[PDB]
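Each remark here refers to the structure printed beneath this line.
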Amino acid sequence: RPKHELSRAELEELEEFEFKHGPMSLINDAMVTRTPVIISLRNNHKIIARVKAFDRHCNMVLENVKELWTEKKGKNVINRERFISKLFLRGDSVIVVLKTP
Amino acid sequence: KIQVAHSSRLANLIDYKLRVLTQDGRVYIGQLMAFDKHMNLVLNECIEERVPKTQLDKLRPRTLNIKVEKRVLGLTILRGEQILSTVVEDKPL
Amino acid sequence: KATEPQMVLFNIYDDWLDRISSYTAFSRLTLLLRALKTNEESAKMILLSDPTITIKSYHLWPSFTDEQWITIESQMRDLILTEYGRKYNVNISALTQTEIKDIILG
Amino acid sequence: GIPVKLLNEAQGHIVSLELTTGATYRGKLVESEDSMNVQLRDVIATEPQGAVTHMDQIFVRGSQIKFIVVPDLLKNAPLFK
Amino acid sequence: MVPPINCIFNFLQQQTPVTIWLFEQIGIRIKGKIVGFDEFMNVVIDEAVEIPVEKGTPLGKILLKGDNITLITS
Amino acid sequence: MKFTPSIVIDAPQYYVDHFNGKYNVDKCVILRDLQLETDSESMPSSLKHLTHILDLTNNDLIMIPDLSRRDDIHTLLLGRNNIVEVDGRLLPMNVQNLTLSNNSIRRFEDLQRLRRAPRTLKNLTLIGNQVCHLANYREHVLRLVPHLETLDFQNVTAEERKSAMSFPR
Amino acid sequence: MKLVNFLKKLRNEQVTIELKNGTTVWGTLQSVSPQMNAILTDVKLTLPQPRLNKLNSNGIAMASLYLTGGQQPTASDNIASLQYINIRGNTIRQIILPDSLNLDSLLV
Amino acid sequence: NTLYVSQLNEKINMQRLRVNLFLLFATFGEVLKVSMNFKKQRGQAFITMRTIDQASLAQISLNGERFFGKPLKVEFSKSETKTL
Amino acid sequence: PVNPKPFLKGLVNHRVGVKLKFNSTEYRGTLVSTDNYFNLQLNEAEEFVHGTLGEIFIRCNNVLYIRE
Amino acid sequence: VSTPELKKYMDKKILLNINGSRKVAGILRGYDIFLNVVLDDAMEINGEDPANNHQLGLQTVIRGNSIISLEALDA
RNA sequence: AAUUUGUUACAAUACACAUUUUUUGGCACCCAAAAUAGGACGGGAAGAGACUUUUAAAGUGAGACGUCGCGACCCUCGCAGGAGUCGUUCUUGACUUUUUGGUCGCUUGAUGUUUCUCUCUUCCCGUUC
């Protein structure tokens, strides 16, 4: 059923369902259980972050997240690690997000 | 140079000569007149400045003098999709 | 998340007690117990500071090799050392072990 | 918005176009919509590499437009009051 | 006039095989039997093979997203 | 009076010079008849505002010096200035024109101050200066100017530029 | 829920807005639009140096950086300092907010 | 205010000519208009100034002045300019 | 005459591969749930481009196609 | 929301560039609000006019997202 | 013997929207170059090598779009964004007419894209230890 038919509260119940029961429930269960998540961006740089908050667009607030990025030129590789205490992440850059055991 | 009001939004500033950055690395400098919801704006007397590939190599880290090829195009209407960031150049007449 | 009165069992010690002797782990607990009050928000800043670290499902504490934990408890003491210190106005050099214990135990 | 209304006010006048592909279409504007997609009449085309041709009629998608150059005398037009 | 998605519905029921070009970055073109489609022009293709750009491997019944669609060609 | 920051601030930077660029500044109450006897001090108050053109015409300035790094500035109008020497390292890459009419610049003093450049300016006027009268002054000015597009309204003649280059060699 | 409403309570804080270009902006933050258009005040915006035997940085971001008019000639590395940059929302990638503020109060 | 020039070198380019004019007229006063709108060339140029006094001075001093070979014939304009 | 959304409703808790548009990487795993936008959740996924991955969330814009 | 106005174009042979590289020529049949354009007797133009040009199919549909400019070679 | 309060209308800001036409990304990659204890670095000029052209003698990696410019055996009269009309009263509105450069060389303007392949010596001027 299309979204333009529903009322103002039916959208709130719809978003509550989608967060509680749905794909993004992987992130929600990760926020409550304090389980660290791995996030791959489009950039190709992967952050190991603990999710304080998330949102519909997938943009999310992470604290203590660690960023891992490697670069190569003519098959000469170097691995670089960067630690930031507080992160707000816009959700359009992410591709895959996994929940660590 | 020029001090913009500490809290000034795109609506607060009108007729100021601006400096507009697009995704392609070129700049449109001129007076802003209107803008829109998705932030495509109208410049009055606008000149697009560009950085030469040889100039771009010079910009790489080591007084630098860049030859910036620019062409004049009056009363344009930009597209919000292309715009990247905006800076203030001067204050109105 | 509990709307009803009930008994629940959990382990405060988790990894550190399992790794390190029992006298010392309570002491590392008490270094922590003082600290989280002095860490209003930097707790989650310092405890998660190493993002490689994860909390075990049964356990409460971040499970780790325990070297940063010695660094964590030391940084946390310095936050306790300054906050106890600033209210009374003491120099950091003037702080001594007998004062540092008096900060810990009082 | 005013920026699109100014494009509607430019109908029947020579305008310039920069597509995000790099080309340049200068010629007379016949139609324009609120989706910014315009169609131009008797228009000289400059390819991204500079090769210039001429075509009688053209329709371009608004999403691909980068900037549009409009006759200067529209600056004082009543939209800006 | 023949609306485009009407034409696609004529690809669904007429059971004609179609070759479909993807975006220029991916470098493969898909071909198969278009079964059904949505409003977003993302289509299910039965008995689809991916050809790099004729040794391509057969895919299956596969849902293909409309964002990457360029051409749908019989 | 002396060229201060306050004066600069006061100056009318509203009417832009529409020939090229923007913000045609005229320092003090009016740069035309400001009477700046000392060198152009407090140049930092402008802070490279904006072919940015500054009109200093009808002022007492002795030396063309004391500038802050100005990237924009392309035009200097210095007419009716008692300029003697104009040696500097600040305004080198910047600037496209220099109008020095009715000043006191020496034929040797003007030549000495520049010290020569591989490329410089593009438009230059030295008219109503003592030096221009001096014998072979045009040849000396062309040799000093090094690269040049104009010399007192008349372009150094292509052949004249070649002969001047030969004299330099 | 729109998490952008969080950023609107971060006003008057030191922040880095790390864009899609790789360009990073340190500055004091002002009102954030509902589209996440972020307007700053006193900002030093730069590009990181991939070392890697001096591999070539972003070619578009260097030009866009020199064309702000804020890059000073004598800067050895690649940076620019300016007042009042206004940033479109879709350009933002990451935002690094200060360590001091507590989330439990602001995330409600 | 405006001063209509005549009898000058047509061989020189437009923009360049305008620039030259500007350079010339900056000594007298603030030049409001860089070049004449008509841009017919061959002498016909209207040097618009801010002050009338300045214009007068210019007229006085630069009457038959050597500019690009030929002597410029200075004179006051009949009608007032569009900018003024 | 199956359409995409009932096709995803029929592929729930079946082994499905999903090819992303970038590196020709495909995640092979048991589908859990999908959103309106066709966001994906997977269990016991494996990344092919060789690894084993416990649980996965895949955003809708990066997927190229979905197969069984 | 609003339908693009191709109404004068349909049934006329039209060239249109697909993406940065491509140029397809065909007789326009139908169009929609996204500019998706279905045309018949499609041909992919290339450098050598008779040689590298190869027909596509009896009916071809184009996603409006890949459309850049649309020129009609015709009245 | 202008201020404040109430009501009505219009305009601006914040309460919206991840599915091909603007703001929840077709994303990212060419690769490689300085270390010492008089010395580097940039710019200009000259010579030579190797390149090109003609049948030993001539200049500096080569081949393609434009961009505004240096010459001219040419054209060209010479003073009016504005102009006219009507309404209306001492300069305003509504309705019509429509830009100098029109060109050619460049006996190398001057200068940016895009493909392929592989510098040393001498002088002059600035910066750094």
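Residues in the structure tokens are named by chain (A, B, ... in the order shown) and by number from 1 within that chain; ligands are numbered from 1 in the order shown.
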Backbone-only DSSP, strand (DSSP E) members of chain I, as an MDAnalysis selection string: chainID I and resid 15:20 26:34 40:48 53:58 63:67
Emit the selected residues as a PDB file, in the first residue's frame, including C-alpha atoms.
ATOM      1  CA  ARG I  15      19.735 -18.829  -0.042  1.00  0.00           C
ATOM      2  CA  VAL I  16      20.191 -15.792  -2.281  1.00  0.00           C
ATOM      3  CA  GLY I  17      23.230 -14.211  -3.853  1.00  0.00           C
ATOM      4  CA  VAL I  18      23.294 -10.455  -4.357  1.00  0.00           C
ATOM      5  CA  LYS I  19      25.685  -8.798  -6.804  1.00  0.00           C
ATOM      6  CA  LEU I  20      26.719  -5.247  -5.952  1.00  0.00           C
ATOM      7  CA  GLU I  26      28.333 -10.932  -4.454  1.00  0.00           C
ATOM      8  CA  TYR I  27      27.082 -11.748  -0.963  1.00  0.00           C
ATOM      9  CA  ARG I  28      25.773 -15.327  -0.770  1.00  0.00           C
ATOM     10  CA  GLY I  29      23.469 -15.860   2.183  1.00  0.00           C
ATOM     11  CA  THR I  30      20.050 -16.638   3.644  1.00  0.00           C
ATOM     12  CA  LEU I  31      17.799 -13.611   3.267  1.00  0.00           C
ATOM     13  CA  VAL I  32      16.160 -12.365   6.467  1.00  0.00           C
ATOM     14  CA  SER I  33      13.983  -9.376   5.587  1.00  0.00           C
ATOM     15  CA  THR I  34      13.564  -6.577   3.064  1.00  0.00           C
ATOM     16  CA  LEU I  40      18.460  -6.420   2.518  1.00  0.00           C
ATOM     17  CA  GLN I  41      19.238  -8.391   5.648  1.00  0.00           C
ATOM     18  CA  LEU I  42      21.226 -11.631   5.458  1.00  0.00           C
ATOM     19  CA  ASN I  43      22.321 -14.422   7.791  1.00  0.00           C
ATOM     20  CA  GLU I  44      25.399 -16.630   7.409  1.00  0.00           C
ATOM     21  CA  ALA I  45      26.518 -14.600   4.412  1.00  0.00           C
ATOM     22  CA  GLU I  46      29.757 -15.126   2.496  1.00  0.00           C
ATOM     23  CA  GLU I  47      31.566 -12.457   0.471  1.00  0.00           C
ATOM     24  CA  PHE I  48      32.705 -13.486  -3.017  1.00  0.00           C
ATOM     25  CA  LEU I  53      30.140 -13.366   7.546  1.00  0.00           C
ATOM     26  CA  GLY I  54      27.668 -13.822  10.383  1.00  0.00           C
ATOM     27  CA  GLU I  55      24.980 -11.194   9.714  1.00  0.00           C
ATOM     28  CA  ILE I  56      24.678  -8.499   7.037  1.00  0.00           C
ATOM     29  CA  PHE I  57      22.725  -5.346   6.222  1.00  0.00           C
ATOM     30  CA  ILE I  58      22.877  -4.188   2.597  1.00  0.00           C
ATOM     31  CA  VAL I  63      23.012  -3.724  -5.063  1.00  0.00           C
ATOM     32  CA  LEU I  64      23.113  -4.623  -8.752  1.00  0.00           C
ATOM     33  CA  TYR I  65      20.923  -7.729  -8.924  1.00  0.00           C
ATOM     34  CA  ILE I  66      19.417 -10.377  -6.643  1.00  0.00           C
ATOM     35  CA  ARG I  67      19.372 -14.072  -7.547  1.00  0.00           C
TER      36      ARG I  67
END
Which parts of chain E does DSSP call helix (DSSP H, G or I) when run on the backbone here, written out as a PyMOL selection string? chain E and resi 4-13+66-68
Do a neighbour search on residue 20 (chain D) at 8 Å with only C-alpha atoms (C1' of nucleotides), toss out local chain neighbours closer than 2 positions, and write the hits as a tab-separated table (two decimals) with N, CA, C and O atoms, in the first residue's frame.
chain	number	residue	atom	x	y	z
D	18	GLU	N	25.14	25.00	-20.40
D	18	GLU	CA	26.29	24.15	-20.15
D	18	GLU	C	25.76	22.83	-19.61
D	18	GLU	O	25.18	22.81	-18.52
D	22	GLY	N	29.81	18.61	-20.40
D	22	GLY	CA	30.84	19.51	-20.87
D	22	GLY	C	30.52	20.29	-22.13
D	22	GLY	O	31.30	21.17	-22.50
D	23	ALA	N	29.41	19.98	-22.80
D	23	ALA	CA	29.10	20.66	-24.04
D	23	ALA	C	28.49	22.03	-23.76
D	23	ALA	O	28.22	22.41	-22.62
D	64	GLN	N	20.71	17.24	-16.44
D	64	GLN	CA	22.04	17.30	-17.03
D	64	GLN	C	22.53	18.73	-17.24
D	64	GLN	O	23.69	18.93	-17.59
D	65	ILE	N	21.66	19.72	-17.05
D	65	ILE	CA	22.02	21.12	-17.20
D	65	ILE	C	22.88	21.55	-16.02
D	65	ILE	O	22.66	21.11	-14.88
D	66	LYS	N	23.88	22.39	-16.28
D	66	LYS	CA	24.76	22.92	-15.25
D	66	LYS	C	24.52	24.40	-14.97
D	66	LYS	O	24.17	24.75	-13.84
Residue 90 (chain A) surroundings by only C-alpha atoms (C1' of nucleotides), 9 Å radius, close-in-sequence under 6 positions cut, as a PyMOL selection string: (chain A and resi 57-61) or (chain G and resi 90+92-95) or (chain K and resi 24)
Show me, as a list in words, the residues of chain G whose atoms get within 10 Å of chain C, using only C-alpha atoms for the distance check. residues 99, 100, 101, 102, 103 and 104 of chain G
Please determine the contact residues of chain K with respect to chain B at a cut-off of 8 Å, counting only C-alpha atoms (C1' of nucleotides), and supply them as a count of residues only. 3
Any idea what's packed within 12 Å of region 2-13 of chain K, counting only C-alpha atoms (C1' of nucleotides), ignoring anything in its chain fewer than 2 positions away? Could you give it as a PyMOL selection string? (chain B and resi 9-12) or (chain D and resi 81) or (chain G and resi 33) or (chain K and resi 15)
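Atom pair CA of residue 78 (chain B) / CA of residue 42 (chain B) has a distance of 6.3 Å (rounded to one decimal).
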Shell of 12 Å around residue 44 (chain A), only C-alpha atoms (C1' of nucleotides), local chain residues under 2 positions omitted, as a PDB file with N, CA and C atoms (P, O5', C5', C4', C3', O3' and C1' of nucleotides), in the first residue's frame:
ATOM      1  N   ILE A  39      31.358  -1.100   9.306  1.00  0.00           N
ATOM      2  CA  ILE A  39      30.680  -0.359   8.252  1.00  0.00           C
ATOM      3  C   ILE A  39      31.651  -0.087   7.114  1.00  0.00           C
ATOM      4  N   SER A  40      31.244  -0.462   5.902  1.00  0.00           N
ATOM      5  CA  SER A  40      31.971  -0.138   4.683  1.00  0.00           C
ATOM      6  C   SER A  40      31.270   1.022   3.999  1.00  0.00           C
ATOM      7  N   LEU A  41      32.020   2.078   3.712  1.00  0.00           N
ATOM      8  CA  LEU A  41      31.490   3.185   2.939  1.00  0.00           C
ATOM      9  C   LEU A  41      31.777   2.950   1.459  1.00  0.00           C
ATOM     10  N   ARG A  42      31.214   3.839   0.637  1.00  0.00           N
ATOM     11  CA  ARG A  42      31.527   3.897  -0.813  1.00  0.00           C
ATOM     12  C   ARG A  42      33.007   4.262  -0.949  1.00  0.00           C
ATOM     13  N   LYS A  46      36.771   1.441   5.871  1.00  0.00           N
ATOM     14  CA  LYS A  46      35.874   0.693   6.793  1.00  0.00           C
ATOM     15  C   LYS A  46      36.079   1.180   8.233  1.00  0.00           C
ATOM     16  N   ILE A  47      34.977   1.514   8.914  1.00  0.00           N
ATOM     17  CA  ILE A  47      34.995   1.966  10.299  1.00  0.00           C
ATOM     18  C   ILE A  47      34.449   0.857  11.186  1.00  0.00           C
ATOM     19  N   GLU A  67      38.733   4.115  12.193  1.00  0.00           N
ATOM     20  CA  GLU A  67      38.704   4.091  10.739  1.00  0.00           C
ATOM     21  C   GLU A  67      39.947   3.411  10.178  1.00  0.00           C
ATOM     22  N   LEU A  68      39.727   2.535   9.196  1.00  0.00           N
ATOM     23  CA  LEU A  68      40.798   1.748   8.583  1.00  0.00           C
ATOM     24  C   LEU A  68      40.766   2.021   7.083  1.00  0.00           C
ATOM     25  N   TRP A  69      41.849   2.600   6.553  1.00  0.00           N
ATOM     26  CA  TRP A  69      41.961   2.869   5.122  1.00  0.00           C
ATOM     27  C   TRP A  69      43.354   2.538   4.617  1.00  0.00           C
ATOM     28  N   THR A  70      43.412   1.773   3.533  1.00  0.00           N
ATOM     29  CA  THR A  70      44.661   1.411   2.882  1.00  0.00           C
ATOM     30  C   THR A  70      44.749   2.119   1.540  1.00  0.00           C
ATOM     31  N   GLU A  71      45.971   2.381   1.091  1.00  0.00           N
ATOM     32  CA  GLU A  71      46.166   2.942  -0.239  1.00  0.00           C
ATOM     33  C   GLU A  71      47.361   2.293  -0.921  1.00  0.00           C
ATOM     34  N   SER A  93      26.754   7.295   2.143  1.00  0.00           N
ATOM     35  CA  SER A  93      28.063   6.759   1.788  1.00  0.00           C
ATOM     36  C   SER A  93      28.176   5.269   2.086  1.00  0.00           C
ATOM     37  N   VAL A  94      27.385   4.753   3.032  1.00  0.00           N
ATOM     38  CA  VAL A  94      27.557   3.373   3.471  1.00  0.00           C
ATOM     39  C   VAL A  94      27.006   2.414   2.423  1.00  0.00           C
ATOM     40  N   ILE A  95      27.562   1.201   2.393  1.00  0.00           N
ATOM     41  CA  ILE A  95      27.073   0.130   1.540  1.00  0.00           C
ATOM     42  C   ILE A  95      26.697  -1.112   2.340  1.00  0.00           C
ATOM     43  N   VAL A  96      27.655  -1.724   3.036  1.00  0.00           N
ATOM     44  CA  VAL A  96      27.386  -2.915   3.835  1.00  0.00           C
ATOM     45  C   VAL A  96      27.725  -2.608   5.287  1.00  0.00           C
TER      46      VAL A  96
ATOM     47  N   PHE I  22      29.805  -2.654  -7.883  1.00  0.00           N
ATOM     48  CA  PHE I  22      31.142  -2.074  -7.920  1.00  0.00           C
ATOM     49  C   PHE I  22      32.224  -3.041  -8.382  1.00  0.00           C
ATOM     50  N   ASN I  23      32.632  -3.947  -7.498  1.00  0.00           N
ATOM     51  CA  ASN I  23      33.799  -4.797  -7.700  1.00  0.00           C
ATOM     52  C   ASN I  23      33.407  -6.149  -8.285  1.00  0.00           C
TER      53      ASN I  23
ATOM     54  P     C K  27      30.380   8.289  -9.483  1.00  0.00           P
ATOM     55  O5'   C K  27      30.355   7.605  -8.045  1.00  0.00           O
ATOM     56  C5'   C K  27      30.257   8.392  -6.867  1.00  0.00           C
ATOM     57  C4'   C K  27      31.078   7.812  -5.744  1.00  0.00           C
ATOM     58  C3'   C K  27      32.549   7.579  -6.046  1.00  0.00           C
ATOM     59  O3'   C K  27      33.329   8.758  -5.952  1.00  0.00           O
ATOM     60  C1'   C K  27      31.647   5.674  -4.965  1.00  0.00           C
ATOM     61  P     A K  28      34.386   9.120  -7.107  1.00  0.00           P
ATOM     62  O5'   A K  28      35.714   8.356  -6.668  1.00  0.00           O
ATOM     63  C5'   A K  28      36.254   8.523  -5.366  1.00  0.00           C
ATOM     64  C4'   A K  28      37.049   7.315  -4.937  1.00  0.00           C
ATOM     65  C3'   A K  28      38.289   7.006  -5.761  1.00  0.00           C
ATOM     66  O3'   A K  28      39.412   7.785  -5.388  1.00  0.00           O
ATOM     67  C1'   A K  28      37.028   5.035  -5.490  1.00  0.00           C
ATOM     68  P     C K  29      40.401   8.358  -6.516  1.00  0.00           P
ATOM     69  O5'   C K  29      41.137   7.062  -7.076  1.00  0.00           O
ATOM     70  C5'   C K  29      42.066   6.347  -6.273  1.00  0.00           C
ATOM     71  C4'   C K  29      42.875   5.378  -7.095  1.00  0.00           C
ATOM     72  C3'   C K  29      43.385   5.899  -8.429  1.00  0.00           C
ATOM     73  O3'   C K  29      44.542   6.710  -8.306  1.00  0.00           O
ATOM     74  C1'   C K  29      42.463   3.734  -8.715  1.00  0.00           C
TER      75        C K  29
END
Pick from B:51, B:64, B:77, B:84: nearest to chain F, with only C-alpha atoms counted?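 Checking each candidate against chain F, we get B:64 as the closest.
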Using only C-alpha atoms (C1' of nucleotides), which residues sit within 9 Å of residue 52 (chain C) once same-chain residues fewer than 3 positions away are excluded, as a PDB file with N, CA, C and O atoms, in the first residue's frame?
ATOM      1  N   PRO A  36      29.621  -3.948  18.741  1.00  0.00           N
ATOM      2  CA  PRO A  36      30.295  -3.134  17.728  1.00  0.00           C
ATOM      3  C   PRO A  36      29.985  -3.619  16.324  1.00  0.00           C
ATOM      4  O   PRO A  36      29.888  -4.818  16.055  1.00  0.00           O
ATOM      5  N   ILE A  48      35.166   0.581  12.279  1.00  0.00           N
ATOM      6  CA  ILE A  48      34.614  -0.278  13.365  1.00  0.00           C
ATOM      7  C   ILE A  48      34.004   0.679  14.390  1.00  0.00           C
ATOM      8  O   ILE A  48      34.775   1.345  15.109  1.00  0.00           O
ATOM      9  N   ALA A  49      32.673   0.771  14.443  1.00  0.00           N
ATOM     10  CA  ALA A  49      32.029   1.807  15.284  1.00  0.00           C
ATOM     11  C   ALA A  49      30.938   1.194  16.167  1.00  0.00           C
ATOM     12  O   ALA A  49      30.329   0.186  15.755  1.00  0.00           O
ATOM     13  N   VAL A  65      34.453   5.004  17.338  1.00  0.00           N
ATOM     14  CA  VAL A  65      34.624   4.288  16.038  1.00  0.00           C
ATOM     15  C   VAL A  65      36.071   4.461  15.560  1.00  0.00           C
ATOM     16  O   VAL A  65      36.630   5.559  15.751  1.00  0.00           O
ATOM     17  N   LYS A  66      36.643   3.409  14.963  1.00  0.00           N
ATOM     18  CA  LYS A  66      38.040   3.443  14.448  1.00  0.00           C
ATOM     19  C   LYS A  66      38.016   3.257  12.926  1.00  0.00           C
ATOM     20  O   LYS A  66      37.328   2.329  12.457  1.00  0.00           O
TER      21      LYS A  66
ATOM     22  N   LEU C  48      35.433   2.700  24.949  1.00  0.00           N
ATOM     23  CA  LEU C  48      35.294   2.330  23.513  1.00  0.00           C
ATOM     24  C   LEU C  48      36.490   2.865  22.712  1.00  0.00           C
ATOM     25  O   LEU C  48      36.526   2.629  21.488  1.00  0.00           O
ATOM     26  N   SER C  49      37.419   3.564  23.374  1.00  0.00           N
ATOM     27  CA  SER C  49      38.512   4.255  22.680  1.00  0.00           C
ATOM     28  C   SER C  49      39.241   3.350  21.716  1.00  0.00           C
ATOM     29  O   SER C  49      39.700   3.799  20.662  1.00  0.00           O
ATOM     30  N   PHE C  64      39.358  -7.549  26.696  1.00  0.00           N
ATOM     31  CA  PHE C  64      40.637  -7.044  26.124  1.00  0.00           C
ATOM     32  C   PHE C  64      41.837  -7.695  26.828  1.00  0.00           C
ATOM     33  O   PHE C  64      41.674  -8.257  27.928  1.00  0.00           O
TER      34      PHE C  64
END
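Between CA of residue 88 (chain C) and CA of residue 100 (chain C) the separation is 13.6 Å.
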Each chain I residue no farther than 10 Å from chain K, nearest pair in Å, only C-alpha atoms (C1' of nucleotides), as CSV:
residue,atom,partner,partner_atom,distance
I:21,CA,K:26,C1',8.5
I:22,CA,K:27,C1',8.3
I:36,CA,K:19,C1',9.3
I:37,CA,K:19,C1',6.7
I:38,CA,K:19,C1',9.6
I:60,CA,K:19,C1',9.2
I:61,CA,K:19,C1',9.0
I:62,CA,K:26,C1',9.3
Per residue of chain D within 9 Å of chain K, record the nearest atom pair and its distance in Å to one decimal, counting only C-alpha atoms (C1' of nucleotides), with rows in chain order and ascending residue number, as JSON lines.
{"residue": "D:35", "atom": "CA", "partner": "K:21", "partner_atom": "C1'", "distance": 5.3}
{"residue": "D:36", "atom": "CA", "partner": "K:21", "partner_atom": "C1'", "distance": 7.4}
{"residue": "D:37", "atom": "CA", "partner": "K:21", "partner_atom": "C1'", "distance": 7.5}
{"residue": "D:49", "atom": "CA", "partner": "K:65", "partner_atom": "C1'", "distance": 6.4}
{"residue": "D:50", "atom": "CA", "partner": "K:65", "partner_atom": "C1'", "distance": 5.0}
{"residue": "D:51", "atom": "CA", "partner": "K:65", "partner_atom": "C1'", "distance": 5.8}
{"residue": "D:52", "atom": "CA", "partner": "K:65", "partner_atom": "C1'", "distance": 8.7}
{"residue": "D:61", "atom": "CA", "partner": "K:21", "partner_atom": "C1'", "distance": 7.3}
{"residue": "D:62", "atom": "CA", "partner": "K:21", "partner_atom": "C1'", "distance": 5.8}
{"residue": "D:63", "atom": "CA", "partner": "K:21", "partner_atom": "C1'", "distance": 4.9}
{"residue": "D:64", "atom": "CA", "partner": "K:21", "partner_atom": "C1'", "distance": 8.6}
{"residue": "D:73", "atom": "CA", "partner": "K:81", "partner_atom": "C1'", "distance": 8.9}
Output file for the selection above: N, CA, C and O atoms, as an mmCIF file, in the first residue's frame:
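Saved the output as result.cif:
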data_model
loop_
_atom_site.group_PDB
_atom_site.id
_atom_site.type_symbol
_atom_site.label_atom_id
_atom_site.label_comp_id
_atom_site.auth_asym_id
_atom_site.auth_seq_id
_atom_site.Cartn_x
_atom_site.Cartn_y
_atom_site.Cartn_z
ATOM 1 N N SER D 35 10.704 21.258 -14.497
ATOM 2 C CA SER D 35 11.778 20.301 -14.292
ATOM 3 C C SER D 35 13.067 20.767 -14.953
ATOM 4 O O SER D 35 14.028 19.993 -15.030
ATOM 5 N N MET D 36 13.075 21.995 -15.484
ATOM 6 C CA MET D 36 14.257 22.692 -15.984
ATOM 7 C C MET D 36 14.713 22.118 -17.318
ATOM 8 O O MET D 36 15.588 22.690 -17.974
ATOM 9 N N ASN D 37 14.114 21.014 -17.755
ATOM 10 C CA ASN D 37 14.377 20.494 -19.086
ATOM 11 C C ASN D 37 13.794 21.452 -20.117
ATOM 12 O O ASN D 37 12.601 21.769 -20.081
ATOM 13 N N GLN D 49 35.170 18.866 -26.464
ATOM 14 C CA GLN D 49 36.521 19.053 -26.974
ATOM 15 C C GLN D 49 36.623 20.209 -27.964
ATOM 16 O O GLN D 49 37.696 20.446 -28.531
ATOM 17 N N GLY D 50 35.532 20.939 -28.188
ATOM 18 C CA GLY D 50 35.555 22.170 -28.941
ATOM 19 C C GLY D 50 34.946 22.093 -30.326
ATOM 20 O O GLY D 50 34.675 23.137 -30.927
ATOM 21 N N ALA D 51 34.725 20.891 -30.851
ATOM 22 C CA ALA D 51 34.144 20.766 -32.179
ATOM 23 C C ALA D 51 32.739 21.354 -32.188
ATOM 24 O O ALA D 51 31.886 20.961 -31.387
ATOM 25 N N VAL D 52 32.500 22.294 -33.096
ATOM 26 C CA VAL D 52 31.259 23.057 -33.129
ATOM 27 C C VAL D 52 30.438 22.609 -34.328
ATOM 28 O O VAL D 52 30.967 22.422 -35.430
ATOM 29 N N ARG D 61 17.713 17.213 -21.124
ATOM 30 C CA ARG D 61 17.167 16.889 -19.818
ATOM 31 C C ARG D 61 17.674 17.869 -18.771
ATOM 32 O O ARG D 61 18.868 18.178 -18.709
ATOM 33 N N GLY D 62 16.753 18.356 -17.936
ATOM 34 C CA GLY D 62 17.108 19.361 -16.949
ATOM 35 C C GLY D 62 18.118 18.894 -15.927
ATOM 36 O O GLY D 62 18.911 19.698 -15.434
ATOM 37 N N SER D 63 18.111 17.601 -15.599
ATOM 38 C CA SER D 63 19.068 17.077 -14.639
ATOM 39 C C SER D 63 20.502 17.199 -15.128
ATOM 40 O O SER D 63 21.425 17.263 -14.307
ATOM 41 N N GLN D 64 20.708 17.242 -16.441
ATOM 42 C CA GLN D 64 22.039 17.301 -17.030
ATOM 43 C C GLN D 64 22.525 18.728 -17.244
ATOM 44 O O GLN D 64 23.693 18.928 -17.592
ATOM 45 N N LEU D 73 19.119 41.826 -19.695
ATOM 46 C CA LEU D 73 18.061 42.785 -19.398
ATOM 47 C C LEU D 73 16.945 42.195 -18.542
ATOM 48 O O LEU D 73 16.089 42.945 -18.064
#
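Each of I:59, I:24, I:52, I:14 was checked against chain E using only C-alpha atoms; the smallest atom-to-atom distance is that of I:24.
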Identify all chain B residues at most 8 Å from chain G by counting only C-alpha atoms; ligands do not count. Present them as a VMD selection string. chain B and resid 3 to 4 6 to 7 9 19 21 to 27 49 to 51 56 59 to 65 83 to 88
Would you work out the distance separating CA of residue 116 (chain F) from CA of residue 138 (chain F), expressed in Å to one decimal? 15.3 Å
Within 10 Å of chain K: residues of chain J, using only C-alpha atoms (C1' of nucleotides), as a list in words: residues 33, 34, 35, 36, 63, 64, 65, 66 and 67 of chain J
May I have the residues of chain B within 8 Å of chain F, counting only C-alpha atoms, written as a list in words?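 That gives residues 1, 2, 65, 90, 92 and 93 of chain B for chain B.
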Taking only C-alpha atoms into account and nothing else, which residues of chain E lie no more than 10 Å away from chain J? Please answer as a ChimeraX atom specification. /E:1-8,11,18-21,23-24,41,66-74
